[PDB]
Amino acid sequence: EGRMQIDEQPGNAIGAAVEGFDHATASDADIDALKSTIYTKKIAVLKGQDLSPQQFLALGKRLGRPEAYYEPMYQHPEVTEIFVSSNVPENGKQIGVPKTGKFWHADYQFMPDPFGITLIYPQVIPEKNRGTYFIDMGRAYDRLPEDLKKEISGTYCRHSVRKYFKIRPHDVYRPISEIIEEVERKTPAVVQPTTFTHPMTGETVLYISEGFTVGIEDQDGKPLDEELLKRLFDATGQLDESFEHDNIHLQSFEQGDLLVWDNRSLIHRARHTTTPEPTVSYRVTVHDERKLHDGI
């Protein structure tokens, strides 16, 4: 320690900037303060980071236990634990996967044991159409009409990667039903409480996303009409294709920025592809000291 400085946005405004962060020398109290900032301000932007893939993973290890993405075509060639979103060929070759996350989601929401913190280290940044959209789903919950809160009290949601699973080079010439069935076998839909208590802040989080949440079920386990999910998506801002809804936060960044955010509370998505500008980003996803929620 001796130089890390966190500047939190005032009041209820989302976000914080962190200057002078060096993951190799930060103290234990520094890391604890940074983590408190992530859980309360939801997005911490580390400034002036110039890291190799190896150093990026080491930074993530300061915060928690990294997990490699379960489909290895997304993995960085040198560091299995880095997820690569890229549409810039490297010597003509495709590294990682292009056009990822073009839908509202929380990371690993379709898995039984989602990690609590996501780190994004942008490498190639669109000049004009840059940034990632975010919605804080605890704040979104609080802003729901009281009756809508009542309607989802006691319900459960099913989450699945089945809509957005990407065809892999190995899948060419396979019948489509075989892949559909493989996805159900490898990543069966996961049931979660529709709302859960955030272990670090105590706040109630509405844990749904247009991208991964495929059904809602009652406190007896019987499916409810998906019109309820549409009304929740609509109320929380996830159906607004203009991205002007009051819940929506556009997070921009510049070279050297490294975003760390609360993957319990937030959902995020890429912007519309309104320009041909490329994107390359490295992702590290870590488990912190608690499960997603205490029922996991």
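The first residue of the shown sequence is 1; numbering continues from there.
In this entry, 220 to 228 shows the higher mean Cα temperature factor of the pair 145 to 153 and 220 to 228. 87 to 95 and 130 to 138 differ in mean CA B-factor, and the higher of the two is recorded for 87 to 95. Note on 71, 78, 210, 107: the highest value goes to 78, judged by CA B factor as recorded. In the PDB entry, residue 62 places in the highest third of its chain by CA B-factor. Among all modelled residues in its chain, residue 266 ranks in the lowest third by Cα B-factor.
Ranked within its chain, residue 41 lands in the middle third, by CA B factor from the PDB record. Among all modelled residues in its chain, residue 24 ranks in the highest third by Cα B-factor. For residue 260, the recorded CA B-factor ranks within the lowest third of the chain. Only modelled residues enter the ranking.
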